[PDB]
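Where a number appears in this text, it was derived from the coordinates with a stated rule and is not lab data. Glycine also receives a Cβ, built like all others from the backbone with ideal geometry; neighbour counts cover every protein chain displayed.
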Amino acid sequence: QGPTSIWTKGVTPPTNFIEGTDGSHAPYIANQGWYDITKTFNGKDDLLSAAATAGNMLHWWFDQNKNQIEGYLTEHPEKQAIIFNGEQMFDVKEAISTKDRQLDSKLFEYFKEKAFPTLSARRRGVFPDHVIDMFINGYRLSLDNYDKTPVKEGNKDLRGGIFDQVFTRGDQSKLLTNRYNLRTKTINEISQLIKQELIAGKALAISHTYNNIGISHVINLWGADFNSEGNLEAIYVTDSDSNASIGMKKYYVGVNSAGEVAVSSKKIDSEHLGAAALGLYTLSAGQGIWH
């Protein structure tokens, strides 16, 4: 009969929550284990919600794997930088140094400027698991694939494969990502999945319907509140579309009038149907796998 709460491994719950114009938010504080990559809307990042979300999860991943990554980069120093012909496009140490920045992290800068510079202009986006599977394992990110990454040997995507000397292509046990359909699932099914993935020590992203830019939006899910019945009541999220001053938002979770498990900055109501939950993406730290 008590309302229990569960946070992502290595994240300090914010407590600075203030009433805003639409719902409760906790402005971002550095070095608390969560991340809030924020779009500038510069032409290039406008439709990269998924790449921002993947970036936030990769920032979290850098924290989980700090020692393992510094070990790896000494054993394989050629994997530190990415070069296209003559030019250094990316340096992973630069990404790690700048991981605390909402607006000007080198990781999101790489994504919007070098990896996916044309996708926004072409009214196109990505899936956050594809971005991670590219960045870590070197799996080729295809604009034609709307399902999971095909787990098969193949050429390193030139835009990534930094950790592909440990997290190889075509080996299921070295795949760190997963995705789950939430559409038409019950509050109990969605709640147990999110519970399980959080207690398992995964980073989480959730997609919901969007009544604007695209049709779906993906955000980072850092924490959840579960009621007396074990069902989600609220989630704590960062949203790349929210300006840098917002930070962590509290969304109510419930079953709306239309029978959808929905998220809303306001309590689910006869007057507030929120946005339908569509998908869940997870990232493992992969701590079994190093060495």
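Go through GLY43, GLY71 for me and flag whichever is touching a residue at least 12 places away in the same chain (Cβ under 8 Å) and under 23 Å from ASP164 (Cβ atoms). Talk me through it step by step, then tell me what you get.
Numbers: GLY43 fails: under 23 Å from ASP164 (Cβ atoms).
When all the criteria are applied, what remains is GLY71.
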Within the range 2-104, strands (runs of 3 or more DSSP E) holding 1 or more residues that are farther than 21 Å from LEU283 by Cα and of a type in the set (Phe, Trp, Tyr): 81-84, 87-91
The lone exception for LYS249 - which of (1) in contact with a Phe, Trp or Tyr (Cβ under 7 Å, 6 or more places away or on another chain); (2) touching a residue at least 40 places away in the same chain (Cβ under 8 Å); (3) assigned to a strand (DSSP E or B) it fails: (1)
Enumeration of residues in the range 105-120 that are over 16 Å from the mean Cα position of the chain (by Cα), in a loop (DSSP other than H, G, I, E, B) and surrounded by 15 or more Cβ atoms within 10 Å (Cβ to Cβ): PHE116, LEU119, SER120
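Select, from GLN80, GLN68, the only residue that is surrounded by fewer than 21 Cβ atoms within 10 Å (Cβ to Cβ) and touching a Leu at 6+ places or on another chain (Cβ under 6 Å). If you could, list the steps in order and put the result at the bottom.
Details: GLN68 fails: touching a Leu at 6+ places or on another chain (Cβ under 6 Å).
None of the other options fit; the residue is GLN80.
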Checklist (1) crowded, with 18+ Cβ neighbours inside 10 Å; (2) of a type in the set (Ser, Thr, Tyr); (3) farther than 19 Å from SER5 by Cβ applied to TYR252, failing item: (3)
Checking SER105 against (1) small (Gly, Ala, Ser); (2) out of contact with any strand residue (DSSP E or B) (no Cβ under 6 Å at 6 or more places or on another chain); (3) free of Cβ contacts under 8 Å to residues at least 12 places away in the same chain, the condition it does not meet: (3)
Yes/no for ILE219 being touching a residue at least 24 places away in the same chain (Cβ under 8 Å), within 27 Å of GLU94 (Cβ to Cβ) and within 15 Å of the chain's Cα centre (by Cα): yes
Matching residues in the range 237-262 - criterion: being within 24 Å of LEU48 (Cβ to Cβ), among the aliphatic types (A, V, I, L, M) and over 17 Å from the mean Cα position of the chain (by Cα): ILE246
Residue match in the range 17-40 (condition: surrounded by 14 or more Cβ atoms within 10 Å (Cβ to Cβ), touching a residue at least 40 places away in the same chain (Cβ under 8 Å) and touching a helix residue (DSSP H, G or I) at 6+ places or on another chain (Cβ under 6 Å)): yes
Members of the range 240-263 found to be in contact with a strand residue (DSSP E or B) (Cβ under 7 Å, 6 or more places away or on another chain), among the aliphatic types (A, V, I, L, M) and within 18 Å of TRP222 (Cα to Cα), listed by number: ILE246, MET248, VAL253, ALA262, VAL263
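Filtering the range 121-130 down to residues that are within 20 Å of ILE219 (Cα to Cα) and out of contact with any strand residue (DSSP E or B) (no Cβ under 8 Å at 6 or more places or on another chain), which residue is surrounded by the fewest Cβ atoms within 10 Å (Cβ to Cβ)?
Of everything passing the filter in the range 121-130, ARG123 is surrounded by the fewest Cβ atoms within 10 Å (Cβ to Cβ).
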